[PDB]
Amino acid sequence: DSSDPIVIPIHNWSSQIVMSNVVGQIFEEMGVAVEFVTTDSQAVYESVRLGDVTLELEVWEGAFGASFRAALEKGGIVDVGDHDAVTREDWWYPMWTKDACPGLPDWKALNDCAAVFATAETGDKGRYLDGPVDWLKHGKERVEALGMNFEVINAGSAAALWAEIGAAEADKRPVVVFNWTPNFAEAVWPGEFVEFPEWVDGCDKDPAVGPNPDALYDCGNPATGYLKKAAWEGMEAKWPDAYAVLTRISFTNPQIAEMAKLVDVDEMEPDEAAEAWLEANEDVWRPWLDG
C-alpha cells in the first residue's frame, strides 16, 4: 500500500465521528497512515470524487443518497459496498405526542394537529426542528410540496435535537424533530417517525410521483435506507490492502447505536470511545484483516 496517508472525513453527529476513528485505527493496525478532516456532510461526495478525501464511511441513503448519486453520475467516486445496517432519517416524535394527536404517525394527522406544534417563533404554524443544514436538505421544500401548515427551523447541532426532545418530556409537550435510526435516542425516548409519503425510486427527480404530482420532495425518506461506503476511484489502486479491508468493513444497527450512545449519553470524546469500542469488540473487526 502507498505511503500517502488515507484521508478520512469527519462530520457533525456522533456515530460517524466514532466510526471514523474506529476505522482509522484499524487501517493503522495494518500499517496504513490515516489523517482526519472535518467536512460539510453533503459536500464530501464531490471531495471524494476528486480524491481530496479518500472515502466516506456513513453514506446514509436518506440524507446523502442524492449527493452520492450525483457524484457517481459525474464520475470519480465508487460504491464500495453497504454496511449491514438499515437506516431511517426523518421527522420524528416522542411517543407522548400521540396523546395530543392520536391520528399519528400519519403525516396528515401531524398537519391536522399543526397548531399544537407551534412555538412563539412560528406563531400559528407547526414548528419542525430540523438538524443542521448539511443533513436533510429539503425540509422547507417538503413543507411547500405537501402544503403543510408547518415552518422549519434548523437546529445548530445534533445535541439541540436531544435537548428539545428531553425538555418536552416533563409536560409531555408535543414536538416533532429530526431523528434517525440506528442511533441512541429512541432507546432513551421511545417514539415514531412521522409516516410521510412512501419513498419511491426518484422522488428527488420526478414530480409525477408522490402526493404532489407537480413538484419534488413530497416524499418521506426511505423506511429501509442503506448505509453505504464510498471511495475515491484512486483508492483501490494506491491502497489495495486498505481497500480490501474497507470492502469487508460492516457495522450493524446495534453497534452504530452504541457508538452514538457513547458520546451522547456516556459523554465520551468520540476518539476515546472509538479506542474503547475497538478494544472491547475485537471479536467484531478482527476477521476484516483476515485474522
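Residue numbers here begin at 1 and follow the sequence given.
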**Greater mean Cα temperature factor according to the PDB record, 122 to 130 or 198 to 206** = 198 to 206
**Prompt:** Got a sec? Mean C-alpha B-factor, which is higher, 29 to 37 or 238 to 246?
**Reply:** 29 to 37
**Message:** Between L104, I77, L136, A159, which one tops the list for Cα B-factor in this entry?
**Reply:** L136
**Prompt:** Going by the deposited entry, which of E186, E89, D218, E164 has the highest CA temperature factor?
**Reply:** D218
**Asked** Among the chain's modelled residues, which third holds the C-alpha B-factor of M268?
**Response** highest
**Message:** Using the temperature factors of the C-alpha atoms in this entry, rank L289 within its chain: lowest, middle or highest third.
**Reply:** highest
**Asked** Which third of the chain holds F193 when residues are ordered by C-alpha B factor: lowest, middle or highest?
**Response** lowest
**Message:** Per the entry's values, where does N212 land by CA temperature factor relative to the rest of its chain, in the lowest, middle or highest third?
**Reply:** highest
**Request:** Going by the recorded CA B-factors, say which third of the chain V7 sits in, lowest, middle or highest.
**Result:** middle
